[PDB]
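Here the structure is laid out as structure tokens; the discussion comes afterwards.
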2 protein chains.
Amino acid sequence: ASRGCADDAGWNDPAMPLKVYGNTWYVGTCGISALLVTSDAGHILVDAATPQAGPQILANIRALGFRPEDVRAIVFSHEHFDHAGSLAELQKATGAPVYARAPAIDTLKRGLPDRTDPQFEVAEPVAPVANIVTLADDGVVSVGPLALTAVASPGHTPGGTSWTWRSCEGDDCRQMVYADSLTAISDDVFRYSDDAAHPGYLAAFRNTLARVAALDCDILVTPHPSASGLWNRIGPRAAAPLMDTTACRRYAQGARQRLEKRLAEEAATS
Amino acid sequence: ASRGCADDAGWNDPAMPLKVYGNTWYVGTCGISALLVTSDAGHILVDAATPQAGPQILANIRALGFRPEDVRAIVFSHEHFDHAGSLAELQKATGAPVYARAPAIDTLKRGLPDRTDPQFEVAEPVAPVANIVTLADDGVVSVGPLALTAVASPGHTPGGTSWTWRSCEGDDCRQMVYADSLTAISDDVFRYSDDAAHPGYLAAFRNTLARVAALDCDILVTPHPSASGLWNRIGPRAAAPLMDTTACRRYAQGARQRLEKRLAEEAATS
Ligand SMILES: [Ca+2]
Ligand SMILES: [Ca+2]
Ligand SMILES: [Mg+2]
Ligand SMILES: [Mg+2]
Ligand SMILES: [Mg+2]
Ligand SMILES: [Mg+2]
Ligand SMILES: [Mg+2]
Ligand SMILES: [Mg+2]
Ligand SMILES: [Mg+2]
Ligand SMILES: [Mg+2]
Ligand SMILES: [Zn+2]
Ligand SMILES: [Zn+2]
Ligand SMILES: [Zn+2]
Ligand SMILES: [Zn+2]
Ligand SMILES: [Zn+2]
């Protein structure tokens, strides 16, 4: 019997790919999520993990019997190296456009962020993405019968996006939410409380928390699987239900608590 | 043990009131539905059954421990005597406004329909309703934390409306649908196929069927409880699940089949 993934798994530690629900499949690593949403008309790939993960994701797609060339759209959570790292690699393999909200586009073209990213100084360099389609903040990415809805989720980054869609097993259909990271973490310089340095940025983060908390949410998945206890819900160590309609509310509420702790930490330092 | 209601129950045969789900309660008769949606800020009454049913509905509200004076809005399915019959009676008892779409208002003010009703010649006279609030075709009726969304459902009548809302038992929340009648029945004169006599009417009926079929639908209830097999899902004779996410689709599909049978019948007669 396979032993499954640890919550503190390395970002590049391999995971055997497995169904999440219906036509949503997990193709990421033990430490970093990537999802494949499939149809007979082609697929949507969600996230790219770390600049090193291209090959594992591609191997995992094929392990499930899907062809990377049948992926017709790529979307992602946010423009940090640990989720956008293999986008260019995956675009070449699939031929698919990458969809990005406006505040992520320059980062994807450079392969590095700018000072608008809270984690600017700790960024690792990425391959640029060549074919980017600008995604409206409430846009829908459609491939055949598939439709993934964007929920703009700035805060952890300027360009972050949560994604939502329906997956079915026969007539039993579930609202899937791939909620973006909501951690208020930074490099050693950035201060969430310095509004003059980034006007409206923290307010937008608070608004993201409220929007995520309010989503219709049957099955939650997060870019770091442990942030939603994914390995306690699927795979060999699963001991809790996959479906929990309170999950997005609890996720956002915890994130709000942690955001306010970060603000307290900033108040305590000059 | 109580024996429960028959599917061919008389419209005025009494039913003991019982929870449907959460804060949605059944307060109608064995043959004709009425629902009460409750909150600590007041309630919404859905439908009025037959001109004779005022007292049973009011008794049933009180049997559950709710006060008619705490009802703050009344809505209804459609403007036939067997669903709108006791509206004026219930308005007096509750003091609540009745919400109606534009094509039902004159019928509610007269207490009889006009020739726009397929069943005009078989109408029974109703008490007029004095305080009517005009409801937009996609309007929301709000009372405290309650919010009922209108889905205009012309076809069986010009003014018919389906209603949808969420009811919860703790954290387990359900999308309730009180779908209007979809039966293509008439008096001896009306022809659904005579578009010149009522331009666009049948197209609107077909559009209603499509809209109802597409609703998010956890628990379906219908003005005639048997039309959705309600007594096979709640009460003493229940043998099938209350929740069925296919119910609105199946309801509308059956109705489409019956509508097309009606068109065949009309083609066969001059
Ligand atoms: Ca995360
Ligand atoms: Ca009915
Ligand atoms: Mg692998
Ligand atoms: Mg790579
Ligand atoms: Mg930038
Ligand atoms: Mg959580
Ligand atoms: Mg009774
Ligand atoms: Mg009466
Ligand atoms: Mg009229
Ligand atoms: Mg049915
Ligand atoms: Zn990040
Ligand atoms: Zn990350
Ligand atoms: Zn649902
Ligand atoms: Zn009727
Ligand atoms: Zn009726």
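Order of appearance sets the numbers: ligands from 1, and atoms from 1 within every ligand. So you know, we letter chains A, B, ... as the sequences are listed, proteins then strands, and number each from 1. Note that these values count all heavy atoms, side chains included, but never hydrogens, waters or copies made by symmetry.
With B/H156 as the partner, the ring pair (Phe, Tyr, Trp, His ring centres under 6.0 Å) test is satisfied by one option alone out of B/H83, B/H224, B/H80: B/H80.
When distances from the Mg ion (ligand 4) to the N, O or S atoms of A/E89 are compared, OE1 comes out shortest.
Between B/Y192 and B/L263 there is a side-chain heavy-atom pair separated by less than 4.5 Å. In this structure the side chain of B/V177 never reaches within 4.5 angstrom of the side chain of B/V221, judged on heavy atoms.
Under 2.8 Å from the Mg ion (ligand 4) lies no N/O/S atom of A/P55, from backbone or side chain alike. Not a single N/O/S atom of B/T29, whether from backbone or side chain, sits less than 2.8 Å from the Mg ion (ligand 7).
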Could you go through residues 48-63 of chain A and list every donor-acceptor pair under 3.5 Å that involves a side-chain atom there, pairing it with any protein atom two or more places apart or in another chain?
{"unit_1": "A/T50", "atom_1": "OG1", "unit_2": "A/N12", "atom_2": "ND2", "d": "2.3"}
{"unit_1": "A/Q56", "atom_1": "NE2", "unit_2": "A/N12", "atom_2": "O", "d": "2.9"}
{"unit_1": "A/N60", "atom_1": "ND2", "unit_2": "A/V27", "atom_2": "O", "d": "3.0"}
{"unit_1": "A/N60", "atom_1": "ND2", "unit_2": "A/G28", "atom_2": "O", "d": "3.2"}
{"unit_1": "A/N60", "atom_1": "ND2", "unit_2": "A/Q56", "atom_2": "O", "d": "3.3"}

